[PDB]
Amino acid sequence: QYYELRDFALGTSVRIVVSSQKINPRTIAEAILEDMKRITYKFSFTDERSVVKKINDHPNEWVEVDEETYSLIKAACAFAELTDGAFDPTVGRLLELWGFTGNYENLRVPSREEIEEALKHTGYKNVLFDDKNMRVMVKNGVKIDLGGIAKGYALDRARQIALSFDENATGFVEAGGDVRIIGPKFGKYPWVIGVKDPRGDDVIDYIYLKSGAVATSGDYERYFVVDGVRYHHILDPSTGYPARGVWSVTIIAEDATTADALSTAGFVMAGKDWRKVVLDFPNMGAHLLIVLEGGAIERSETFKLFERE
């Protein structure tokens, strides 16, 4: 039987549910929470201890970084390339402009002119790498924000931590409605995961996972309202405005890093050609369900496979 630890990390609420006969589950959960918090501060846009902030605050300079940081930034840029910038970790300047990174009083709708200028300071190709010396440089004033991938990364690490304590541990870890399975329930069964209605308190679908991960991006995660209009944090990197036409995208994938990055990309892309997203995403390993603006649900045939135990 399962121990549960709930707390706040990764800018959200987290839940760690673990069973082990080898190591006290409270020990495994504590280890996991410590790592989630560690990642929260290390990759923060704002925390003074952050390596992301260090890079952002040192433009036009080759900045030495550690292997963890190097590998995560490389991975985030590799997702940006895979999705033609639909996921792009260089939305930092735009997030800062809109106020998503600062005090609530900074939340605002920037002018068209401000956004057009900030797009010149957006784009993953502005992050340069020195593999010889493990240095990163940001050109054209770009700033990195890892909020679209960091939960997945932390979740994947969390599973690795649990299994390092006990290869036969079971349970799951959750952060803000992203989930990574540690091992099957009672060692045998799938975990039953509810896909939330982006406009209600009800579940719109249930999926069954013995392994892997699920992640959801939605217009309800981080938003503000001005004059009756919602401005949420999932910006289209090509326009600099909140991506429109989509309420949520849920991705089942092999790992949470993939599910997290691709749920962001799918959210951005689905408001332009949802049919093509539903077709193409499964071939990148992202099995998906989209709730379009207005409430229509579209999902891949692969997603349907997970709708029964």
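Note that residue numbering follows the sequence shown and begins at 1.
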Higher avg CA temperature factor (168 to 176 vs 110 to 118, as deposited) belongs to 110 to 118
Quick one: higher average CA temperature factor, 256 to 264 or 269 to 277?
269 to 277
I'd like to know which of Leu95, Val136, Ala150, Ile144 has the highest C-alpha temperature factor in the PDB entry.
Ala150
Which is it among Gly228, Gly183, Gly212, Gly123: the one with the largest CA B-factor in the entry?
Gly228
Tertile call for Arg159 (CA temperature factor, within chain, third-based) is the lowest
Taking only the Cα B-factors deposited for this chain, tell me whether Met284 sits in the lowest, middle or highest third.
highest
For the chain shown, is the CA B-factor of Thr83 in the lowest, middle or highest third of its modelled residues?
highest
Within this chain, which third does the Cα B-factor at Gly295 fall in: lowest, middle or highest?
middle
Rank-wise, by C-alpha B-factor, drop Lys53 into the lowest, middle or highest third of its chain.
middle
